[PDB]
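Quick setup: one chain, the form deposited without this ligand, written in structure tokens, and binding and motion questions come after.
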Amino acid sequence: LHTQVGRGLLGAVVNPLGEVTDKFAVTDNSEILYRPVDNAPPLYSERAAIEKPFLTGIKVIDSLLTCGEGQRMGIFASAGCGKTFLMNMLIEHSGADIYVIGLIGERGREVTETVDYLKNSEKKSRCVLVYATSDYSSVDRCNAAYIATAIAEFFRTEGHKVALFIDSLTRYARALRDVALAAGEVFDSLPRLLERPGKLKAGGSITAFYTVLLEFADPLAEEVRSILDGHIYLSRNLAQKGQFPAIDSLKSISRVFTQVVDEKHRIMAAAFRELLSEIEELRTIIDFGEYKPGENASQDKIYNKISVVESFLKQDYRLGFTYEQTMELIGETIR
């Protein structure tokens, strides 16, 4: 019912009991405090409207799927779609004050994988990791998500710009289904957990990224899609083509997009999406064997744009782009 919070947790790995079990970085601060893991979400009059972009350093997200401070964003992917590599890029190339990672997983190898990534990350002294493996009970698996959220909420009240990562909502929902059965069934826990992020008028912000594993979409993908403020789809087909990040721009959205980017930006993003739509249309004509050079000048122009459009979309995972670099690059692609 209560957990450790404070700057003393920076660099620490926290298990479903709230105890520090490992450290991936050591910090000056020793402030440790105690707060309850669940408390009510901010009243509607305490939330601020989402108005400021949360820059990720990822070209396709920052230009076409621009996130906002306080926004809750879903990441939908099947296994083997680079879900973990995208989250590592989000941590590495964004500009949050503090990163809180909650791993609701099965195998301990995944926890060590993240601890090893954090151990060599430039953001390591601003991160807290909460984990729960398969050996832990369903109750402990759920509490890992509440501990991570409460840790992020303390940093929000201190005024920090916080990024929260829950991986995954799917395995969290499974454990919540088991905890229900123990009561004879409490699923109401999902919206309650997901309304806690946001920007407070009197404090900082929690920008939250929730992972959802796809089979095709579970009812769990459909519900979760409707409460969040946007979703990124990781296309297994685009992954097999060698495109990383495997983000399907045309199937992804950020519902706060028009409120967090200016008018010049919105014009370039709309022109780029129309270019993507023409390219995927041209791809089908090519697969049909109906494209033949020199016959349709419109198709030839689209065809000659494919290489630099693909170049704009792809991104080395160790590289991050400023907002000015991204808008400059997308300008060249649409000319």
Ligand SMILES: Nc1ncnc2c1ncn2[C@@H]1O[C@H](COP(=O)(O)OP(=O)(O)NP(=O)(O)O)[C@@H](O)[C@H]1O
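Take the two forms, find the largest set of C-alpha atoms that superpose within 1.5 Å, and that set is the rigid core. Residue indices: 1-based, along the sequence shown. Residues that one form lacks are left out of the comparison.
The discussion below concerns the form deposited with this ligand bound, not included here.
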### Query
Out of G230, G105, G204, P245, which one falls within 4.5 Å of this ligand in the deposited bound form, going by heavy atoms?
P245
### Task
Have a look at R126, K199, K83, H265 for me and say which one sits with a heavy atom within 4.5 Å of this ligand in the deposited bound form.
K83
### Query
When this ligand is placed as it is in the deposited bound form, which of 309-317, 19-27, 322-330, 5-13 ends up with heavy atoms within 4.5 Å of it?
309-317
#### Entry: 4.5 Å heavy atom contact with this ligand in the deposited bound form for all of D140, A180 and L194
no
### Message
I'd like to know whether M89 contacts this ligand in the deposited bound form, with contact meaning heavy atoms within 4.5 angstroms.
### Response
yes
### Task
Give a yes/no on whether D218 approaches this ligand to within 4.5 Å in the deposited bound form, heavy atoms considered.
no
### Query
Is the gap between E158 and this ligand in the deposited bound form 4.5 Å or less for some heavy atom pair?
no
### Query
According to a 4.5 angstroms non-hydrogen atom cut-off, is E110 in contact with this ligand in the deposited bound form?
yes
### Query
Can you list the runs of 3 or more residues whose CA atoms move by 2 Å or more between this form and the one not shown, with the rigid core superposed?
186-189
